[PDB]
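Written below as structure tokens is the structure these notes are about.
A, B, ... follow the sequence lines: proteins, then strands. Residue 1 opens every chain. Atom set for the values below is all heavy atoms of this structure, side chains included, hydrogens, waters and symmetry mates excluded.
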Amino acid sequence: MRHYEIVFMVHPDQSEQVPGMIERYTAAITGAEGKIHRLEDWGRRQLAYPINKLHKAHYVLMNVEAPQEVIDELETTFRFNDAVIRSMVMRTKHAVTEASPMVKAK
Amino acid sequence: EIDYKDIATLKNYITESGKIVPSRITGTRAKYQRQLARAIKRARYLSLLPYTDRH
Amino acid sequence: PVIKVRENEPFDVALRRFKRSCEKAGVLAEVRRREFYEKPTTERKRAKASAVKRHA
Amino acid sequence: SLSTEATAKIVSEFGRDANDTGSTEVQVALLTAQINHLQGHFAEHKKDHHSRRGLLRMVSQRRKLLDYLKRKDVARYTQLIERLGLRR
Amino acid sequence: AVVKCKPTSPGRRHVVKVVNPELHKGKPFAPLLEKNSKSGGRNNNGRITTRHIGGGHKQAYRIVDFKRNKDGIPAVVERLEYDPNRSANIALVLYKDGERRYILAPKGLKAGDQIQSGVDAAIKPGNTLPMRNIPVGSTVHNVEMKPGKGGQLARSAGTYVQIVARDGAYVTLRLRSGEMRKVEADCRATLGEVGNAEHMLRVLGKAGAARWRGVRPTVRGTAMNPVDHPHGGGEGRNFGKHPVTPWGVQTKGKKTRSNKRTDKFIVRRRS
RNA sequence: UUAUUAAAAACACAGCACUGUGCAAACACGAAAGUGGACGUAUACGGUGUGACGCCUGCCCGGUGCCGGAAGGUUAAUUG
RNA sequence: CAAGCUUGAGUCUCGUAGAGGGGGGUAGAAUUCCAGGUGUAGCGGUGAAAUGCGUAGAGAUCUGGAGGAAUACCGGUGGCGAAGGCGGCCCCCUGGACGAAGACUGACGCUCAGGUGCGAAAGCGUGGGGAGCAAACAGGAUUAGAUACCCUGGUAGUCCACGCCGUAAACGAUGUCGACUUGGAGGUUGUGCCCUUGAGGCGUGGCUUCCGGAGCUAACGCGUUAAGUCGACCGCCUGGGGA
């Protein structure tokens with residue numbers, strides 16, 4: 001069971017669908033005997049460059065330990081979900097439960 | 001320990017136009033320079049950093 | 001190389017600052033480098049020669 | 001390569017001890033396991049020559065170990081080639 | 001697989017045939033067969049209206065479900081079957097309620113795969129959805145041009161259509177001909193692309209192989225007499241005229257599409 | 001294949017190319033209805049030329065045709 | 001021949017660095033093209049020109065879209081790979097190298113005719129794709145001529161999948177393996193020690209760049225990564241042409 005770091009941006013108009021998305025994703029991750037190391041809702045952030053003629057995207061960060069099947073399903077969900085304008089899954093060497101700088105700033 | 005989410009630190013190693021500064025200017029090790037380049041590219045993908053000064 | 005002419009500065013100093021910024025950005029050297037194709041062997045030989053002459 | 005658990009299992013079932021990781025039987029068994037595992041990878045990646053070079057290195061190393069074992073003690077050689085399913 | 005026959009005969013030298021070991025070796029599903037009598041290219045006046053048609057092997061018509069209007073109910077593929085009436089292969093599917101139907105077999109489908117139609121179906125090859133529920137950029141086949149009419153585009157072997165844009169009640173499609181066409185979003189399409197893509201690699205090899213498919217020989221117009229064809233006769237091989245159809249219409253270049261009714265749907269003609 | 005003076009190097013052919021055709025398809029037979037094409041859907045269908053395979057297929061868009069262009073010139077019924 | 005031994009050669013434990021390979025996805029900058037807005041007489045190109053595009057509205061600028069290819073900065077006599085080669089980011093599969101402390105097998109090794117495999121670019125076959133570049137080709141120039149250099153276009157090709165080809169100044173013009181022989185300055189990657197003072201100092205490995213001592217060499221130069229002193233095996237040479 002490998003560790004992953006999931007970051008996905010949501011359409012700014014879909015900010016209230018973000019709690020439901022997070023709920024579904026944690027449900028899918030823990031249903032498959034997986035853990036969630038870190039979950040951070042960064043909220044809306046000004047984009048450094050326009051993405052799909054948009055500015056001010058909604059950022060979410062996840063650190064999960066899950067098998068590859070659920071991660072493939074999550075990537076497919078991100079690809080087919082039209083609200084998620086951009087996402088990126090990355091492997092990590094170990095579990096990360098330290099607050100990221102985005103929320104460490106406060 | 002270079003993190004692509006540490007934009008405050010990454011902005012010190014990019015010019016005013018968004019380009020990565022060479023290791024000869026900042027005098028950082030080659031290993032941590034490679035880590036910084038990877039982190040800056042990832043942060044550019046996540047739209048946390050600009051690719052150029054235009055967009 | 002964006003230059004915003006700040007208040008209480010003449011035009012000439014703003015133009016000289018713009019030139020200094022555009023030369024530190026190296027845009028002219030790059031656009032002169034990219035106008036013709038340089039074979040990989042040619043660029044490798046040129047880089048090797050420059051690294052050799054950078055020894056004095 | 002092989003996981004730690006699979007390697008430990010092979011060393012235990014093919015070795016004279018849990019620490020006898022250098023025996024000819026253990027080495028040949030580990031090489032055979034790695035070759036059989038790689039077989040499935042190369043069924044899907046027929047254009048991976050760089051990894052097939054390491055595969056052929058493993059094959060030749062197992063061949064040399066089997067030759068040394070057959071020249072040393074043929075009884076253990078036969079037991080090994082029957083327990084592993086070799087001889088073409 | 002694509003296999004070349006060994007030249008044990010002059011007629012077998014160039015034959016290249018397509019073999020598919022997963023096709024059903026047996027009789028087709030009887031409750032889905034119909035009589036398909038040949039025509040020889042004759043219309044109800046008994047006149048030849050389409051030349052070079054005649055003979056060939058007797059064929060039974062398979063009732064293929066092009067509408068795919070059995071929504072919500074999952075189905076499993078029993079087997080892939082050969083169909084003599086089309087270039088593609090067909091799959092016999094079994095719905096959960098016990099109904100069996102014939103569908104065009106998409107690429108990658110095999111016995112045991114599960115498909116489903118409807119607005120709630122998953123996005124995977126074999127599923128059928130209204131095109132407004134299909135992501136832009138995806139590759140589909142068996143496309144309708146009127147809602148509920150049945151698939152009419154991209155039905156041949158290996159063909160497909162990609163949705164390039166969606167706006168309002170219409171979507172824009174890039175057909176296999178390279179033409180951009182507008183189709184209203186309520187039309188349905190099946191995900192993936194039609195299987196049997198290597199159908200175009202086959203080589204018939206001999207003249208008789210085309211006769212089995214009901215294709216009669218084509219006589220060149222220049223080989224006839226002036227009374228028979230505009231390309232006429234001449235002492236020896238003479239042409240000296242612009243190429244035309246047997247009825248005098250200029251071929252090799254002259255556009256013949258004249259349909260002002262459907263021009264509003266053609267975004268850009270093929271090229 | 002010229003029933004009944006010509007069986008061939010002629011026709012066909014698999015293959016190749018060009019071109020038309022988005023489906024109420026082009027096209028064909030039909031004053032029309034309709035039918036064939038096809039219960040097919042561009043890996044499909046029609047037309048044209050060439051004629052397995054091998055190595056290949058150079059130059060010319062002035063003429064004729066076809067395709068595209070739409071500014072300008074010219075120009076029908078109509079209008080008066 | 002028999003029995004040993006661990007130092008050569010391998011196996012296991014834990015980590016480290018890497019454009020090593022194969023598959024899929026995605027991102028931004030730019031070129032080109034399509035549609036539209038503004039706008040008007042030039043643009044492009046050159047030593048100078050002309051061919052070419054442009055009053056049918058070009059070039060410039062702004063907006064939207066399509067498509068393909070390559071990945072600026074990082075970037076570096078830097079890194080990985082047997083060689084050819086490998087450069088955005090992410091995921092999946094995967095080979096090798098190195099280091100620390102141990103345990104294990106116990107010569108299992110080196111080289112290798114024939115044999116097999118990999119092998120830049122160009123080229124070939126089938127099916128796609130085709131923005132840029134560009135053999136052939138066309139036109140404009142230059143010229144005594146110009147089948148060239150220069151300019152305007154432009155097909156194959158370059159790109160993808162699968163096969164073939166098996167050649168390069170495929171070079172370090174330096175076969176592989178092992179041992180020994182003064183040094184200096186660096187680079188890169190592990191590891192150990194010490195109020196760790198510090199981005200510290202001192203050791204110890206791997207790879208790597210430059211200079212240089214003895215020695216060697218016809219000389220140039222090589223010089224612990226030898227072209228020095230040796231050992232094992234292989235390939236190759238016997239005047240220039242013909243070839």
Side-chain angles (χ1 to χ4, degrees), chain A residues 49 68 71 75 88-91, chain B residues 15 18-24 30-31 33-34 36-38 40-42 44-45 51-52 54-55, chain C residues 30 37 48 51-52 55, chain D residues 4 7 11 19-24 26-27 30 38 41 44-45 47-51 53-56 61 64-65 67-69 72, chain E residues 13-14 36 39 41-45 47-50 53 61 85-87 145 152-159 164 175-177 179 181 197 199-201 203-207 209-210 217-223 231 242-247 250-257 259 261-262 266:
Chain A
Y49 53 92
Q68 308 159 201
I71 296 305
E75 301 176 350
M88 159 181 262
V89 175
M90 279 164 305
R91 290 202 57 197
Chain B
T15 80
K19 315 167 63 177
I20 315 174
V21 305
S23 147
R24 47 179 184 97
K31 178 179 166 180
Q33 174 67 26
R34 296 188 301 260
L36 269 159
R38 282 195 290 264
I40 287 169
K41 290 162 178 168
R42 295 188 218 193
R44 285 170 176 174
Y45 177 80
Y51 275 96
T52 59
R54 310 267 66 90
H55 285 123
Chain C
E30 206 76 343
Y37 186 63
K48 182 63 57 215
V52 163
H55 238 210
Chain D
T4 300
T7 314
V11 169
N19 296 259
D20 185 11
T21 74
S23 171
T24 315
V26 175
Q27 295 193 45
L30 288 170
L38 300 297
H41 160 78
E44 218 258 351
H45 287 301
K47 294 265 138 282
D48 198 4
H49 308 293
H50 288 73
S51 308
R53 182 175 147 88
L55 171 78
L56 300 176
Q61 196 176 344
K64 288 175 178 178
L65 284 161
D67 290 352
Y68 161 76
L69 188 57
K72 211 55 159 50
Chain E
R13 175 177 300 275
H14 307 288
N36 188 28
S39 91
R42 271 82 165 169
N43 72 333
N44 54 14
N45 294 338
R47 304 284 191 88
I48 291 178
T49 59
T50 304
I53 297 184
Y61 181 76
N85 313 275
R86 65 198 71 258
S87 58
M145 320 160 60
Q152 291 180 285
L153 311 178
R155 312 200 320 189
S156 189
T159 53
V164 299
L175 310 181
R176 275 284 309 189
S177 71
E179 159 184 313
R181 190 195 166 87
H199 158 81
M200 63 177 178
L201 297 181
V203 176
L204 300 192
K206 63 176 181 174
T218 296
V219 183
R220 298 167 292 108
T222 184
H231 290 178
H242 300 113
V244 288
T245 65
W247 304 272
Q250 204 277 339
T251 168
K252 287 178 184 300
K254 191 180 189 302
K255 299 182 180 175
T256 58
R257 166 185 175 84
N259 194 321
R261 193 187 82 256
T262 64
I266 303 318

Just to verify, what does [X] make a salt bridge (charged side-chain N to carboxylate O under 4.0 Å, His left out) with, not counting sequence neighbours?
X	value
C:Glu30	C:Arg33, C:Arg34
E:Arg220	none
E:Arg86	E:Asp83

Under 4.0 Å between a side-chain N/O of [X] and OP1 or OP2 of [N], yes or no?
X	N	answer
E:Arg47	F:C29	no
B:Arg38	G:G18	yes
E:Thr159	F:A42	yes
E:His199	F:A44	yes
E:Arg176	F:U43	yes
E:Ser156	F:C45	no
B:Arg34	G:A17	no
E:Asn36	F:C39	yes
E:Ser87	F:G40	no

Rounded distance in Å - [atom1] ([X]) to [atom2] ([N]):
X	N	atom1	atom2	answer
E:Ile48	F:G46	CD1	P	13 Å
E:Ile53	F:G47	CD1	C1'	13 Å
D:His49	G:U116	NE2	P	18 Å
E:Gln250	F:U64	CD	P	16 Å

Q | Intra-strand stack G:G81 & G:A82, ring centres under 5.5 Å, planes under 30° | A |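 No, unstacked.
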Q. Under 5.5 Å between six-ring centres and under 30° between planes, true for F:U74 and F:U75?
A. yes
Q. What do you reckon, do E:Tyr61 and the base of F:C39 stack, with centroid distance below 5.5 Å and planes below 30°?
A. yes
Under a 3.5 Å limit on both distances, do [N] and [M] form a Watson-Crick or G-U wobble pair?
N	M	answer
G:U142	G:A107	no
G:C150	G:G212	no
G:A103	G:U11	yes
G:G119	G:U46	no
G:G79	G:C86	yes
G:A60	G:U38	yes
G:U174	G:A141	no

I'd like a table of atom pairs between the protein and nucleotides 204-208 of chain G - only N or O on both sides, under 3.5 Å - with the distance next to each one.
none

Q: Summarise protein proximity over nucleotides 51-57 of chain F in one line of letters, 5' to 3': B for base, S for sugar-phosphate only, - for none, counting protein heavy atoms closer than 4.0 Å.
A: BBS----
Q | Contact letters for nucleotides 103-113 of chain G, in which S counts primed atoms plus P, OP1 and OP2 and B counts the base, heavy atoms under 4.0 Å | A | BBSSSBS----
Q) Counting a pair only when it is Watson-Crick or G-U and both distances are under 3.5 Å, which runs of at least 3 such pairs involve RNA chain F? A)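 For RNA chain F the paired stretches long enough to count as stems (3 pairs minimum) are F:15-21 with F:44-50, F:27-29 with F:34-36.
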(Q) Need the glycosidic conformation of G:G44: syn if within 90° of 0, anti if not. Which one? (A) anti
(Q) When you measure only distances, ignoring hydrogens and angles, does the side chain of E:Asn44 come within 3.5 Å of the base of F:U35 through a donor and an acceptor? (A) no
Q) Under 4.0 angstrom, heavy atoms only, what part of the nucleic acid is E:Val219 near: base, sugar-phosphate, or nothing? A)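 Sugar-phosphate only.
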Filtered N/O pairs between nucleotides 64-70 of chain G and protein, under 3.5 Å:
unit_1: G:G65; atom_1: OP1; unit_2: A:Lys53; atom_2: NZ; d: 2.9
unit_1: G:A66; atom_1: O3'; unit_2: E:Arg174; atom_2: NH2; d: 3.4

Extract from the structure each pairing of a protein N or O with an N or O of nucleotides 151-161 of chain G at less than 3.5 Å, listing the distance.
none

Provide a list of protein-nucleic acid N or O atom pairs under 3.5 angstrom, restricted to nucleotides 18-20 of chain F.
unit_1: F:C18; atom_1: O2; unit_2: E:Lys252; atom_2: NZ; d: 2.8
unit_1: F:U19; atom_1: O2'; unit_2: E:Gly253; atom_2: N; d: 2.8
unit_1: F:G20; atom_1: OP2; unit_2: E:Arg270; atom_2: NH2; d: 3.4
unit_1: F:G20; atom_1: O5'; unit_2: E:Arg270; atom_2: NH2; d: 3.2
unit_1: F:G20; atom_1: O3'; unit_2: E:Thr256; atom_2: N; d: 3.4
unit_1: F:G20; atom_1: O2'; unit_2: E:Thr256; atom_2: OG1; d: 2.6

Using a cut-off of under 3.5 Å, enumerate the N/O to N/O pairs linking the protein to nucleotides 71-73 of chain G.
unit_1: G:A72; atom_1: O4'; unit_2: C:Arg34; atom_2: NH2; d: 3.2
unit_1: G:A72; atom_1: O2'; unit_2: C:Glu30; atom_2: OE2; d: 2.8
unit_1: G:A72; atom_1: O2'; unit_2: C:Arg34; atom_2: NH2; d: 2.7
unit_1: G:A72; atom_1: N6; unit_2: B:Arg44; atom_2: NH1; d: 3.3
unit_1: G:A72; atom_1: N6; unit_2: B:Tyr51; atom_2: O; d: 3.3
unit_1: G:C73; atom_1: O2'; unit_2: B:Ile20; atom_2: O; d: 2.5
unit_1: G:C73; atom_1: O2; unit_2: B:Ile20; atom_2: N; d: 2.8
unit_1: G:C73; atom_1: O2; unit_2: B:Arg44; atom_2: NH2; d: 3.0
unit_1: G:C73; atom_1: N3; unit_2: B:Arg44; atom_2: NH1; d: 3.0

Atom pairs, N/O to N/O, protein against nucleotides 92-95 of chain G, distance under 3.5 Å?
unit_1: G:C92; atom_1: OP1; unit_2: A:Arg2; atom_2: NH1; d: 3.1
unit_1: G:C92; atom_1: OP1; unit_2: A:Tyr4; atom_2: OH; d: 3.0
unit_1: G:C93; atom_1: OP1; unit_2: A:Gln68; atom_2: OE1; d: 3.4
unit_1: G:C93; atom_1: OP2; unit_2: A:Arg2; atom_2: NH1; d: 3.1
unit_1: G:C93; atom_1: OP2; unit_2: A:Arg2; atom_2: NH2; d: 3.2
unit_1: G:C93; atom_1: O2'; unit_2: D:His41; atom_2: ND1; d: 2.8
unit_1: G:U94; atom_1: OP1; unit_2: D:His37; atom_2: NE2; d: 2.9
unit_1: G:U94; atom_1: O2'; unit_2: D:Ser51; atom_2: OG; d: 3.0
unit_1: G:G95; atom_1: OP2; unit_2: D:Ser1; atom_2: N; d: 3.3

